[PDB]
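Visitor: pasting the sequence and an experimental structure:
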Amino acid sequence: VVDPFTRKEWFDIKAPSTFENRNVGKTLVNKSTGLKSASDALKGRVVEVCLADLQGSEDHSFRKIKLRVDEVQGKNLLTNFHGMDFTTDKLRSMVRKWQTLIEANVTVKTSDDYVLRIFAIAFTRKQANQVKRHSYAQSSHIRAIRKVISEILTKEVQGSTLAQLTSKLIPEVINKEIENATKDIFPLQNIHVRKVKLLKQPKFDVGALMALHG
Amino acid sequence: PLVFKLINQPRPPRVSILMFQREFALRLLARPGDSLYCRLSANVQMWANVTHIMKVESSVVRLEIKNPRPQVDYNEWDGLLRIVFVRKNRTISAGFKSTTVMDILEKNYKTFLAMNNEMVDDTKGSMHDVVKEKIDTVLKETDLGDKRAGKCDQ
Amino acid sequence: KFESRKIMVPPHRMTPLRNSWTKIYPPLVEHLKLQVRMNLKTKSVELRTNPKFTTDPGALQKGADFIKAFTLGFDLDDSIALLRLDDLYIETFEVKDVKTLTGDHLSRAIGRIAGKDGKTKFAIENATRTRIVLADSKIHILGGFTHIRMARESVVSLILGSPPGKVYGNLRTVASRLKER
Amino acid sequence: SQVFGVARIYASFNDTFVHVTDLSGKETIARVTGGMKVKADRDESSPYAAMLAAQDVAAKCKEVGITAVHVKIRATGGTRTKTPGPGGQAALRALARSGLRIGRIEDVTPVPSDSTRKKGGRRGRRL
Amino acid sequence: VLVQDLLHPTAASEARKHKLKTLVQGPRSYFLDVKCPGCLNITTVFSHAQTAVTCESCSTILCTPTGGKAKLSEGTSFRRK
RNA sequence: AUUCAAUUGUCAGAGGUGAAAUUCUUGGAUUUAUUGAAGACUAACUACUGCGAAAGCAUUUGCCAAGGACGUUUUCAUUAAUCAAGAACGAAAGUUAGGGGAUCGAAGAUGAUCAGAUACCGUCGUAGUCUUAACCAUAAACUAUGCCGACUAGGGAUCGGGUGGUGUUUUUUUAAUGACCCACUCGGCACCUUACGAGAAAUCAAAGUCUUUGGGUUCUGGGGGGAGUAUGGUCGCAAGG
RNA sequence: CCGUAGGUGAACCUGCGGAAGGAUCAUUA
Ligand SMILES: [Mg+2]
Ligand SMILES: [Mg+2]
Ligand SMILES: [Mg+2]
Ligand SMILES: [Mg+2]
Ligand SMILES: [Zn+2]
């Protein structure tokens, strides 16, 4: 009988201060009667948006970024980093039938006490002088590149915290380090970290999250 | 269930003339060492005396219910012959601890000890007891377990 | 009040894209009144609209459907049929989704849906008002639901390993009470 | 500027779901099935039922005032097929036809790395 | 190719084929007379030396075994035979 | 990914279908979102391919021993080739006794239906599927082609190794390599043309070097059924071989 | 069709693993 549209209350979320365009997203809570229940309802909310729409670039640069809401500031919501992914059609186009695919994985504890998982993908190029219609790589080559990706990813995430991880995700510094550090092993193409998982969340802080907002 | 309708009715008749399919008539007249042997063979061979006349493919078979009915409960005997006849080629010990057979059997046992009030231990069968091993003890206690379903008599 | 969609260009079809693009764009630009921009480097096609164009919001979805059609092997006469009609839609399906086949079993299933000189493929386009393109492991049928539904029944007969003669008999049966009604 | 919605299209062989809420899956706004819009059981997954159902979802989104919307489309996924059926395509045609603004179109189908056994057996499942 | 000399092949095409498929079987190896500059002495090293041959006075690895041919040390001279 | 559990939102369906029908949904079903648990599995990358005696073998990393190929102005000097007896392995399904039992699912329980286009369909589902200890020894176990040795055609490739290049690229300042190119070279997986030759023909670099009939050796067949039956022996708990 | 297992059956169906002794069109490098 009663309409929930008469009851529900229009809220709003905002990005942290790492990114450029803060004004994204408009969320919603059924009831404002119990504020603790509303706060616990928005605590488990994970908003997935495009990174390019979050960065305002008109080219939709195939990266979805998914973000977790934590704190309330008067119908406005603080939002924290949770993870990154691609669109699945990017992976469907992206896998070639005549090259060798490398998956590299590393288990990560961070400097800011997060537990993380990083999946990086590398490939095999044609050179500018090729006659071969296929460019496969030997297994010892593949093991060497996987060793190099594990070392670069491990030292890169250990030398930095979450804000620097996000600040090095956007200009593709990490795969540039891969490109010039693996150029002595094999020619590599189309390198990106595909997908970011949080695994452990530490003891909940307050001032660090508004410092990320500030 | 074709012979089940005329095995347990009140006021049993004099004779029973009927035509069925011939292979069920082989199941009512199956020797215990056969692959044609089944549960319904035992059901007729100690509840309903039966022989084959008038081969017709179909078969006529003649049934007579024993008016001194032997005091055997049909539910427990039917259930045990079902759970050892479905696993005909298997043996009997490991076949009872199946997945859900090993729930419904001790449900039947707990209703069986509901009027007995036997204390169910914390030892209960995963190592040496009534859900797992005392079943093996009581099939060792009788003529079953190692002798398969195509060898055990009444 | 602009709107742009982004779509992916296969590598197997970019050479007929640059071969017959001169026949692709002016019918949709003239009759359907849209704007197209390429990105040949990043395999992307920009289908954009403008308030200086005609107000027709569904034909932008239709134009993305034409390039989604051309993504999956489809010629230009089926693009003319997709221009003129609305009941005609697109489908993919996998060889492994009916029956788990491997290698030469997959090759013989592709041979069964293909046939000698494509004749069972010809028999399934002409009798059902469908259009057939075979990928490595994908089957593609255009059309309406009464048409593509009996196309489904035929192709899951054929990829199950039923002989093509029973396919022809059931095909002319369903075509007979198709054109009967 | 505007408010974007988060749309879901679930395309089986036998119905279609057009199901939308706001960001992060907070509380569902509009909710239709294929069975409620045509009472004929042969036409549960018809494109006519798909367009009328998505038109009623668009009317619901217009009366709550959401203009922009972001959509992902999917099949059942898993052991069954990957790309959506044509009821989803007609739903896309209807939501674009409705005059509602569209934000993003992608394919979040739940794709296994390595699947389990399907429900057909060795021989096959379809007819 | 009905007629050709199997007795006197052309020497450009004769060492062009395999080691064992010649008219008389010959090796395709040689010996290297190596001079590391630090001690100035003649050491005769096989071209496919399959072990770490050091110099007899300095502990300099003259050649390392790498598959077919042994790679010589850098900044180090060599002669045939 | 699937299934199940917990939390979350919302309202008449979800399910399955030539078609319907059963199943469970105010204790809010399907679906949406946040987690957790279980066991299998290793997709796309995947062929123009790799390894192993065969069956078979696709995540990453570490350890354990093994193997082919190549290089070798190393070592032994006939130590070899084929195989009754005997022995090792042997897909799936099956068998014993354990652990696990997510999905699938012969048996069974259930619904059906409506027609001679027709029951394939559904929902629970036990065994099993997975693993450990021991059995079992069969397949369209197929290249429907015994093993070793020599000769009789090339070329486009490719995989592993090696040789050479005042060859390319990768720069840092020239190298070094790594990757790529060329000319080869062995040793594998394959292709395309022929016919000298074979065959009944399809076709074949072996199915040729066979009436101009002999490189060495192991097994099998003698019109079709009766029949892999009877019987005897042998192994196996049995199914069975 | 073959192997194995099961319900049966007047025939025959079903579970798991194999084989083609079964019919590659179009497109591209
Ligand atoms: Mg022998
Ligand atoms: Mg045999
Ligand atoms: Mg004879
Ligand atoms: Mg024959
Ligand atoms: Zn020296």
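Guide: Everything's here; your move. Residues are numbered from 1 along each chain as shown, chains lettered A, B, ... in the order given. Ligands and ions are numbered 1, 2, ... in the order given.

Visitor: only C-alpha atoms for contact and neighbour calcs from this point on.
Guide: OK.

Visitor: what about the residue in chain D that chain C sits nearest to, how many neighbours?
Guide: The minimum distance from chain D to chain C, using CA to the nearest CA, falls at residue D:97 (4.4 Å). Neighbour count for residue D:97, taken as other CA atoms under 10 Å in any protein chain shown: 22.

Visitor: quick one: contacts for the spatially closest residue to it that is not a sequence neighbour?
Guide: Of all residues not flanking residue D:97 in the chain, residue C:58 sits nearest, at 4.4 Å (CA to CA, 6 or more residues apart in numbering or on different chains). By CA atoms under 8 Å, 6 or more residues apart in numbering or on different chains, the residues touching residue C:58 are D:93, D:94, D:96, D:97.

Visitor: cool, and residue A:110?
Guide: Contacts of residue A:110 by CA under 8 Å, 6+ apart are A:116, A:157, A:158, A:160, A:161.

Visitor: in the chain, spot the helix with the most residues.
Guide: Picking chain A for this. In chain A, assigned by DSSP state H, the helix with the most residues is helix A:139-158.

Visitor: I was after chain D.
Guide: Longest helix in chain D, counting residues (DSSP H): helix D:47-64.

Visitor: quick one: the helices in chain D, in order.
Guide: All helices of chain D, identified by DSSP H, fall at D:47-64, D:86-97.

Visitor: okay, the longest one in PDB with CA atoms only?
Guide: This means helix D:47-64. Extracted in PDB, the C-alpha atoms of helix D:47-64 (Å, rounded to 0.1, in the frame of the first residue of the first chain):
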ATOM      1  CA  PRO D  47      10.600  -9.100 -27.500                       C
ATOM      2  CA  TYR D  48       7.100  -7.600 -27.200                       C
ATOM      3  CA  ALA D  49       7.000  -8.500 -23.500                       C
ATOM      4  CA  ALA D  50      10.600  -7.300 -23.300                       C
ATOM      5  CA  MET D  51       9.900  -3.900 -24.700                       C
ATOM      6  CA  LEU D  52       6.700  -3.400 -22.800                       C
ATOM      7  CA  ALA D  53       8.400  -4.500 -19.600                       C
ATOM      8  CA  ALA D  54      11.400  -2.200 -20.200                       C
ATOM      9  CA  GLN D  55       8.900   0.600 -21.100                       C
ATOM     10  CA  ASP D  56       7.200   0.100 -17.700                       C
ATOM     11  CA  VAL D  57      10.700   0.200 -16.000                       C
ATOM     12  CA  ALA D  58      11.400   3.400 -17.900                       C
ATOM     13  CA  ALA D  59       8.100   4.800 -16.700                       C
ATOM     14  CA  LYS D  60       9.100   3.900 -13.100                       C
ATOM     15  CA  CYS D  61      12.500   5.500 -13.600                       C
ATOM     16  CA  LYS D  62      10.800   8.600 -15.000                       C
ATOM     17  CA  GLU D  63       8.400   8.900 -12.100                       C
ATOM     18  CA  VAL D  64      11.200   8.600  -9.600                       C
END
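
Visitor: quick one: it near chain A?
Guide: Yes: counting by CA under 8 Å from any CA of the partner chain, chain A has neighbours in helix D:47-64: residue D:64.

Visitor: ok, residues contacting that helix?
Guide: The contact list for helix D:47-64, computed with CA under 8 Å, 6+ apart, reads A:5, D:16, D:18-19, D:29-34, D:37-38, D:43, D:67, D:86-88, D:90-91, D:93-95, D:98, D:100.

Visitor: please redo it, this time with the cut-off set to 7 Å
Guide: The set of residues external to helix D:47-64 that reach it, using CA atoms under 7 Å, 6 or more residues apart in numbering or on different chains, is D:16, D:18, D:30, D:32, D:34, D:37-38, D:87, D:90-91, D:94-95, D:98.
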